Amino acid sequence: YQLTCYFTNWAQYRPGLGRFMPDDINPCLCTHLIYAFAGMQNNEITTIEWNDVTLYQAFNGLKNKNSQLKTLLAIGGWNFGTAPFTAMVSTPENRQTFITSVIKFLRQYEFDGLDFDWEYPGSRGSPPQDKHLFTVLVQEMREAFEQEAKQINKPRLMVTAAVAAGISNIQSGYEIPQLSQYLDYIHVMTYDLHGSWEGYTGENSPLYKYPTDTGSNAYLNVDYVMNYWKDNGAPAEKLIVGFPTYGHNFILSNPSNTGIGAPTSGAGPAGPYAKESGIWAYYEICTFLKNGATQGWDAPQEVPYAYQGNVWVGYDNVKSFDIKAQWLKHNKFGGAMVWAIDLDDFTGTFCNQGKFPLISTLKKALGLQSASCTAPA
């Protein structure tokens, strides 16, 4: 199994114990590390943060401590939008310009591949033609990667994609069988499946449906989404299940109504470290629990929740990660990806479950505890 972990280049800006740099990553923890995010200018890949080059050096330098470790650069993200992607795929000339720039960039900064984080082809502003044009882009990149590997006689650069979990988004965004042929890995964003935008409490990443999930809401779980991808043309072994080391929080309309589907009045409070509206890092959730919150277990969906006063949080813990990992193995998927390494209790000081308790749980469950971790020759 692969264990693929996303690192975010804005985690450096978090105060005190929240600050997370490339050198805070345990090089032995994950099989793949992905750097979020890269941007685009004039159809060419670029940095985003002022110190990205320095961070690339430290990030990819982790491979000097684990000879097996592979790294990828993620282009796009939610704030990036679809506009530069649409413009870049719109003409073959723009695509060639992009692919050329990507090869140069990845080789220069010592990445082993590119992860497409276009959110999403065919939606969020992206026109209908982008569904097919994304397939074309991916194939062209893959084939360009294959050609380059032979000309310079080095291992081939990988091409992967983070892909939608919402059924409508999937249907308008991806030619699944064709896309699956050229992608090395398919990173399925099986989270953010519920949130305050809905007006009621719901789980970030429930494994199965809740009994009250009727109609289209019955698609809002990890099991349905992964099987949707598989059944519609993606090989199980290329499919990578998304695991969140963060939760979504809510303001309860009635503090005495604390179950799944309870009315909410909006997003819950930003955390003191991530400072994200309606989102808490796992280590931020541990503080919540330590400060007197009541623990809940959403049994049908195999995930925890917690509440105190008018604040309610749906998340993942050691127990839920373990359950999902067993499910993953039974279903013979390619492995797990994690958003994000910097949101797990990396110091171990918040949850008292050891360093990186959530990702370590995956490492153990997926048979990677004895994985080789030695500096290269």
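All residue numbers refer to positions in the sequence shown, first residue = 1.
Comparing the deposited coordinates for 144-152 and 100-108, the stretch with the larger average C-alpha B-factor is 144-152.
Comparing the deposited coordinates for 239-247 and 226-234, the stretch with the larger average C-alpha B-factor is 226-234. Per the PDB record, 216 has a higher Cα B-factor than any other of 71, 204, 216, 160. Between the residues 278, 292, 76, 304, it is 292 that shows the highest Cα B-factor in the PDB record. In this PDB entry, the Cα temperature factor of residue 338 sits in the bottom third of its chain's modelled residues, the lowest group. Split the chain's modelled residues into thirds by C-alpha temperature factor. Residue 130 is in the highest one.
Looking at the C-alpha B-factors along this chain, the one for residue 197 belongs to the highest third. In the deposited entry, the Cα temperature factor of residue 314 sits in the bottom third of values across the chain's modelled residues. For residue 368, the recorded CA B-factor ranks within the highest third of the chain. Only modelled residues enter the ranking.
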